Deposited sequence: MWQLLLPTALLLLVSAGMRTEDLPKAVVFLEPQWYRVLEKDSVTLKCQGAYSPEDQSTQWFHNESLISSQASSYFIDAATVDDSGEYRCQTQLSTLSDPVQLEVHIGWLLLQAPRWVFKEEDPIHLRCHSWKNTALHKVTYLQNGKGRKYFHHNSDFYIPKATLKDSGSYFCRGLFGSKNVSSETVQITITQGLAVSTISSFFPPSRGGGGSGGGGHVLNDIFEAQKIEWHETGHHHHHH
């Protein structure tokens, strides 16, 4: 039985809508505590630092799935920080309250790797070695120039 996120993103900002679906062919746990829900899937109205830590599920018939509630304007979201070459890399410059962003720039090692007029996701269609490094997105919130927290990427073997 494997817990399954939706959106998968294990990294989220506050005021984000997180879902946790439990899969079998319900009772829950947070930080090894009992989730109120019985239903076949549990819902987070609005993310808060409280809801961090491990999450498990047990249908009548699991190994943890982590959650990070970061805080700020922008959050660079990728399914993982490690890929091996010829692997699609999908990044997402997620904004606080899905705010309409514009003039979005993804970067690496302090270097503009791509740009958009409106908030669009970054794809590196197949992962080279020269790709791994130090990333963060930045855009415009209202009239405010903001930037996301940094993440480390790694391509191996």
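Chemist: Going by C-alpha coordinates, which parts of the deposited sequence are missing from this model?
Modeler: No coordinates exist for the deposited residues in 1 to 25, 51 to 57, 94 to 96, 193 to 240, so these stretches are absent from the model.
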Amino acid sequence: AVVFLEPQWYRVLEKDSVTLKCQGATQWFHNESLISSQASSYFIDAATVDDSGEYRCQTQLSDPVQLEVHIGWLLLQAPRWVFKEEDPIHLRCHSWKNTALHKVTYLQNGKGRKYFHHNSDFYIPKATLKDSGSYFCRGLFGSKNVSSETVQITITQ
From here on, numbers count along this sequence of modelled residues.
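Chemist: Quick check on the record: does 39 to 47 or 108 to 116 carry the larger mean Cα temperature factor?
Modeler: Taking the mean B-factor of the alpha carbons in each, 39 to 47 is higher.
Chemist: Look over 146 to 154 and 1 to 9 in the entry and identify the one with the greater average Cα temperature factor.
Modeler: The recorded data point to 1 to 9.
Chemist: Which of these has the highest Cα B-factor in the record: 131, 63, 68, 121?
Modeler: Comparing C-alpha B-factors across 131, 63, 68, 121, the top value belongs to 63.
Chemist: Among the modelled residues of this chain, does the Cα B factor of residue 101 put it in the lowest, middle or highest third?
Modeler: CA B-factor rank for residue 101: lowest third.
Chemist: For residue 94, does the deposited CA B-factor place it in the lowest, middle or highest third of the chain?
Modeler: Tercile = lowest for this residue's CA B-factor.
Chemist: Residue 73's Cα B-factor: lowest, middle or highest third of the chain?
Modeler: Answer is lowest: the recorded C-alpha B-factor places it there.
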